[PDB]
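Okay, here we've got a single chain as C-alpha cells, the form solved without ligand SAL, with questions on binding and movement later.
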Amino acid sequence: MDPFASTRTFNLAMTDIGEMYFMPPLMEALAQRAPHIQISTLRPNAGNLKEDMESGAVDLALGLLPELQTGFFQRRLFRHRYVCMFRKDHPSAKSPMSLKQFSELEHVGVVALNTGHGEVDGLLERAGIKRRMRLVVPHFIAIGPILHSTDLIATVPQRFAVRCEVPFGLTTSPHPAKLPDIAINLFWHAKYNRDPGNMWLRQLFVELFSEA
C-alpha cells in the first residue's frame, strides 16, 4: 500500500473552471507521492457520464452535477459564491459594488451551457436585471485576459476569481444581486466504493480541497 508504486491511469470528469482550480495542486502532490500514475480529464457534457462511470471508464467526477443521484456516492468539498470581477485599476467599479452600478456598467457574460454556472443569466434576467453584454463567450478561458485590457466586468465563481487576481491584476467585489451558492462536490459510482486506488485518490481530493 505505498502509492509510489502505482502506474495506473485515472479518468477524471470536470468543467473548465474545475480543471483550472483542481489540477495544478493535484499535480504537485502527485509528483512527490505517486509520480508514475497518469491522469486524464474530460468535460461532463462530452459523454454519457452516468454510463461511463458505471462501466468504469471514468473513475471520478468533480462539480455540481444534479443528474448523479442513485448509485453514486457523493462527498462535499466546498461551497463558493458568485463574485463580481473587474481589473484593479478599473476607473469606477467599487467594492462592495452596488446593484445600481452593476446595471450601468458593461459586462462579459459566460454561457456555461448545461453546467451549474448557466443558471446565472436567467436568474438575473428574472430579477429584472438587463445587463449590457458587449461580449458573450461560451466558457471562461478568456475572462482574465479580457477583463485585464478592458473596462468590462464579469460575474464569476469566487474560486475562479482568486486564480485570476494576481496573474491578471484584477479585483473582486461581493455580488450585488442575490445568487445561490454553488457547491462543488466529488462523485464516485457505487461499484468503486471499495476500490483501493479510487479511495486513495478521492482521499487525496478531500485532503487538498476540502474546506472543513
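Don't overthink the numbering: it's just position in the shown sequence, from 1.
The next section is about a form of this same protein that is not shown, the form deposited with ligand SAL bound.
Looking at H107, you'd find every heavy atom of it more than 4.5 angstroms from ligand SAL in the deposited bound form.
Not displayed here, ligand SAL is approached by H80 to within 4.5 Å at the level of heavy atoms in the deposited bound form. When contacts are judged by a 4.5 Å heavy atom cut-off, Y192 does not count as touching ligand SAL in the deposited bound form. Ligand SAL in the deposited bound form comes within 4.5 Å of no heavy atom belonging to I146. Using a 4.5 Å cut-off to ligand SAL in the deposited bound form, each of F22, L64 and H117 places a heavy atom inside that distance.
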